[PDB]
Amino acid sequence: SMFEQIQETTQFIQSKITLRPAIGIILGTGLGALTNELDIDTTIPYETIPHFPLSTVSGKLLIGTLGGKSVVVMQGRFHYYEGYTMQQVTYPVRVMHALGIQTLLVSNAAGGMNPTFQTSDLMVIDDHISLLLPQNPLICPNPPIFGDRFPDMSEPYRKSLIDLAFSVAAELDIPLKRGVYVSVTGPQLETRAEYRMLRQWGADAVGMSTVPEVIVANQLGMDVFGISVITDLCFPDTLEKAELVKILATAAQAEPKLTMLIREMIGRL
Amino acid sequence: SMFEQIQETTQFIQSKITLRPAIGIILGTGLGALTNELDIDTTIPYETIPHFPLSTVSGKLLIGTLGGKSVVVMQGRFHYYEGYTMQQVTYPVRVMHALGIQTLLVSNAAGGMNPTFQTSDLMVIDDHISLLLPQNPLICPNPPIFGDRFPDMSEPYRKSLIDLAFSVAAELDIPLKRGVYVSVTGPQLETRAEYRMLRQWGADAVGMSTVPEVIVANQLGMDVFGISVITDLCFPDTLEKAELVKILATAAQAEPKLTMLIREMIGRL
Amino acid sequence: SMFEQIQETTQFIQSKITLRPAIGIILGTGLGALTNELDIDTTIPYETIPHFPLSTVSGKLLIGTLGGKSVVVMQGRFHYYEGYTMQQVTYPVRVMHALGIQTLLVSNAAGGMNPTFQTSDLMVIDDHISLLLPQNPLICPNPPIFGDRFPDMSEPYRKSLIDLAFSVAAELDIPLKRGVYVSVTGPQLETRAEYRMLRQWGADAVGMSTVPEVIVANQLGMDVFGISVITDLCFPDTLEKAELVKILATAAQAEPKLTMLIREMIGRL
Ligand SMILES: Nc1ncnc2[nH]cnc12
Ligand SMILES: Nc1ncnc2[nH]cnc12
Ligand SMILES: Nc1ncnc2[nH]cnc12
Ligand SMILES: [Cl-]
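Cut-off values and rules
Residues numbered from 1 in each chain as written, not as in the entry; some residues may be left out. Chains lettered and ligands numbered in written order. Heavy atoms only, no water. Contact = heavy atoms within 4.5 Å. Buried area = accessible area lost by both parts, 1.4 Å probe. Salt bridge = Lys/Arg side-chain N within 4 Å of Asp/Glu carboxyl O. Polar contact = N/O pair within 3.5 Å; in protein donor to acceptor, adjacent residues only side chain to side chain. Helix = DSSP H or I, 4+ residues; strand = E, 2+ residues; numbered from the N terminus. Least-squares fit on C-alpha atoms. Near = heavy atom within 4 Å. Areas by Shrake-Rupley, 256 points an atom, 1.4 Å probe, with all protein chains shown as cover. Nonpolar A, V, L, I, M, F, W, Y, C, P; charged D, E, K, R; others polar.

How should the interface of chain A and chain C be read in this particular structure?
Accessible area lost on assembly of the parts is the figure often given for the size of an interface. Taken together, the contacts link 28 residues of chain A with 24 residues of chain C. The junction of chain A with chain C conceals about 2,300 Å² of combined surface from both sides, 61% of it contributed by carbon and sulfur atoms. Looking only at chain A, the three residues that lose the most surface to chain C are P187, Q188 and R192 of chain A, adding up to 24% of its buried area. Between chain A and chain C we count one salt bridge in total. The residue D127 of chain C makes a salt bridge to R192 of chain A at a minimum N-O spacing of 3.8 Å. One can count ten residue pairs in polar contact joining chain A with chain C. It is helix 5 (residues 192-200) of chain A that contributes the most residues to the side of chain A that touches chain C, six residues altogether.

Pasting the structure below:
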């Protein structure tokens, strides 16, 4: 079944690694610098991994040491706007679960709709809105092997990990924001009317990923921490043209702070 | 076509029954007690019915007498979160239509977002929000054999049936609420941010069913009455973990009142 | 690929035509009268066009002269509620692009939710809400041959074309409204609760088309102008039953003004 696929994937991964990570990190598009801070023990290209989706817009699974602990890092992820199903988008999370990963740190780039946000701000995700997503990764003809049929979503981002983020940030003098993330499919950016409405719904930041992974991670009983880099501002009255290159550059600008935050958080787990 | 399938299904059902019900009832998950009040003339397991979807999370069609009238009762229904298409979810409604059912009573369990609601409250559905549903049961390459191409939805829950509910409830001293139901796919429950936004949109109760059936029933010209059992409270500031067992228990608590209400309504039609 | 299909389609069209239109017009359902004002040089039934979707609820591509300029007119379009994929819905726009069309004028019928709107009003679309659409025409496994991967949507309806509309309308004494259009799938009309919520989101008019085309046109770098005929009023407190025949009749009522507006706009380009 899906269980047999996951077994095959994890068996392949276990044959390459000797570390036993209990922590996993999904790096957002344009946020690969963390891998430089990582003492890399094993590198596994996505193309070699059984049942992983082929050819992402290379993709690498890295196993090594960070903040004095064993971690697995996904460099590259699968996006719904690339034409992957939600099951493919979230397959790596199921794999991390079966590897024994208990804590998942997810980062992404997002548009800031909160008026106090500036480009390059780091925003801890304390909640999300998932209801715009057109396909749900939990819709399966059969009940789950692991977890509840109808998982509770009253705390999808674990409070202790949010508090830890803020503790570390205060200690390192990293300004840190928090708020509600809303997932859209993309790939087109949002209209002015859309930004206005999303803000009115209570969203602080909008992005094109992450939420499916967090849903699956919570259903599987993992502890999740999520963080957005604010790469562009989405104030509809003063909205200008956004450009992928500027978004990537802005993401890169914030990476040193993000890397430092994440390393020190892991160090403290 | 789909017409030929429906014929085959109804032909099979007609071969088992001798009653001529003009009233149909869809029982929500965790609300089977009504079948005890039913004088059952015929029992038809879902697994034996041509073109019905296989294996629900048994499923029975019961034909008998309730409130002095012939009725058909669906014990068990098909949910989008179980992986059925919207066409499969609503196929039983098309079948009831072709059987000659004119009045449809639909019940479900829902989360209460209206601050005056308490667990076990009965809420008459006076309107719904369907726009979060990711697939629409009316999207067909061919125009419908029965009904309008673009059906009006200014009164999806017939006023006379709502008034009747309230009349019966006052007479039996059953407290009765009313409000707007919003359908989500699930199967995960909603986040705090999601509950806040849904309430802000004007929803009173949120559930994972019913709306597709009501859309098809209205398109087919049937009279619909809908009622939710409030099984859990969804006030986002004071939200606690929900559990399937507690939701089912709460549903069961409300069933005697619901059964009494429904029997006396049917008695009065 | 999709590129080869488009080539085949355009090659077929080029073999029938001798004009070189740089302007394209998509006529909304119930708004065919513009073709009477058109000096028709070539008529191409949809059924003969390679890779066009078969059998619409005839369909014709007309090439001719209007407002002293060469134009292509789509009489008949493909709707998501008819069971076509979003790729099929927007294929004609890709074809117009490959024909060299730079300016696209799109018209439709819509329900008016702005309290100042009356039936037969013309409303220029100055922005849209696309996030209810369940499938996105840009979700492709491969990056686009033309355009950006993540197109900006800060100005999906070109300001100069909106200003031109208003200039022409003032000159011809045509009252003209403007506002935000929201796309829904249909085919059922909206409930009272839905009209209330859509208005609250900031929509002025709601319809069952157009947005997919505008997204693709903008991604392909075309200039878009959009206009709705308000065919029915959607004030939820005073909502009455809508009927397709009355909607079509109302659309027809507004056509002379719309045709005059469009001809004089094209004349001025
Ligand atoms: N404005 C935006 N909208 C959606 N996703 C984004 N990712 C980064 N910026 C974004
Ligand atoms: N809170 C809730 N959300 C969605 N569906 C439900 N069914 C019962 N309770 C529910
Ligand atoms: N009220 C309405 N809703 C959706 N689409 C429409 N097209 C015309 N009127 C409409
Ligand atoms: Cl709102």
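Please clarify how the relation of the copies chain A and chain B should be interpreted in this entry.
What relates the pair of chain copies is a rotation about an axis plus a shift along that axis. Of the two same-sequence chains, chain A is brought onto chain B (RMSD 0.0 Å, axial shift 0.0 Å) by a rotation of 120 degrees. Look at the turn and shift together and you get a three-fold axis relating the two. Residues of chain A ranked by C-alpha distance from the rotation axis are headed by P134 of chain A, positioned 3.2 Å from it. The overlap is low: 12% of the interface residues of chain A also sit at the interface in chain B, so different surfaces are used on the two sides.

Can you help me understand the environment of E171 of chain A in this one?
Residue and element names in this part refer to chain A. Relative to the assigned elements, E171 resides in helix 4 (residues 159-171). The spatial distance from the C-alpha of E171 to the C-alpha of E264 is 9.9 Å, given a sequence separation of 93 residues. A distance of 3.0 Å separates the side chain of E171 from the side chain of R268, its partner in a polar contact.

How should unusual backbone geometry be read in this particular structure?
Note: most residues except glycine have negative phi, and most peptide bonds are trans. Each neighbour pair has its own omega, and for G186 of chain A with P187 of chain A the value is 10 degrees, a cis peptide bond. Tracing the sequence through the fold places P187 of chain A in the loop between strand 7 (177-183) and helix 5. A positive phi angle, close to 60 degrees, is found at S55 of chain A, a residue other than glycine. Positionally, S55 of chain A belongs in the loop between strand 2 (39-45) and strand 3 (60-66). Positive phi, normally seen in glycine, also occurs at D173 of chain B, with a value near 55 degrees. Mapped onto the elements, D173 of chain B comes out in the loop between helix 4 (159-171) and strand 7 (177-183).

Any chance you could explain the site of ligand 2 here in plain terms?
Residues and elements named next belong to chain B. In the vicinity of ligand 2, the contacting residues are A109, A110, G111, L189, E190, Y195, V206, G207, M208, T231, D232 and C234. For ligand 2, a nitrogen atom lies 3.3 Å from a polar atom in the backbone of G111. For ligand 2, whose accessible area on its own is 260 Å², the fraction buried by protein is 94%. When residues of the shell around ligand 2 are traced back to their parent elements, those giving at least two are strand 5 (103-112), strand 8 (205-207) and strand 9 (223-233). Top contributing element to the shell around ligand 2 by residue count: strand 5, with three residues. Grouping the constituent residues of the shell around ligand 2 by class yields seven nonpolar, three polar and two charged.

Explain the interface of chain A and chain B here, please?
Taken together, the contacts link 24 residues of chain A with 28 residues of chain B. When chain A packs against chain B, the two sides together hide about 2,300 Å² of surface, and 61% of this comes from carbon and sulfur. At the surface where chain A touches chain B, the tally comes to ten residue pairs in polar contact. Grouping the amino acids of the side of chain A that touches chain B by side-chain chemistry returns 14 nonpolar, five polar and five charged.

Please clarify how the site of ligand 1 should be interpreted in this entry.
Residues and elements named next belong to chain A. The environment of ligand 1 is made up of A109, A110, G111, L189, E190, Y195, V206, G207, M208, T231, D232 and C234. The contact in question runs from a nitrogen atom of ligand 1 to an N or O atom on the side chain of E190, over 2.6 Å. Side-chain polar atom of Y195 to a nitrogen atom of ligand 1: 3.0 Å apart, as the coordinates give it. Surface burial for ligand 1 is 94%, taken as the share of its 260 Å² of free accessible area covered by protein chains.

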